[PDB]
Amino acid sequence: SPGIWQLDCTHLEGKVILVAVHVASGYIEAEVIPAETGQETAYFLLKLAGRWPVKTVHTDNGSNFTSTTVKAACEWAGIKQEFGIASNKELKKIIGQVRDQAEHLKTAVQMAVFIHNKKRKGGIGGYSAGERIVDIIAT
């Protein structure tokens, strides 16, 4: 289905990175938050769903099932939250390659997301993740 995402967290320099993956394309969006709160996840989901068809979000643990705001975001935007489900180390190599081009970690995280979404697999031919998600939604 064209609206399936995976949501996860990752950690770098004592900061928290929210990562959404569009499962069929590998497109990612990410955001650095001060702390891993309900509100932050709800805000991120609402932005995401305003940009793409988001039908179902898959997570790997219980954290998101206990936030009052995440459930009000789910419901407002029409997002099914489903339990049950790598990319998270591609990110980190690219973050390492750019880290000292940016003062702020968040900048490096977005430079990493950029390159993840724009590049071709193996550097030649076919579609980027950013091309594939557009191509998937367009049909």
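All residue numbers are counted from 1 along the displayed sequence.
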request  = Count up the deposited residues without coordinates from residue 85 to residue 86 and drop the result into none, 1 to 3, 4 to 9, or 10 or more.
outcome  = 10 or more
note = Quick note on 95 to 103 and 56 to 64: per-entry mean CA temperature factor is higher in 95 to 103
ask   = Of the two stretches 27 to 35 and 41 to 49, which shows the higher Cα B-factor on average in the entry?
value = 27 to 35
task = Consider only the C-alpha atoms of the modelled residues in this chain, order them by B-factor as the entry records it, and name the third containing residue 18: lowest, middle or highest.
result = middle
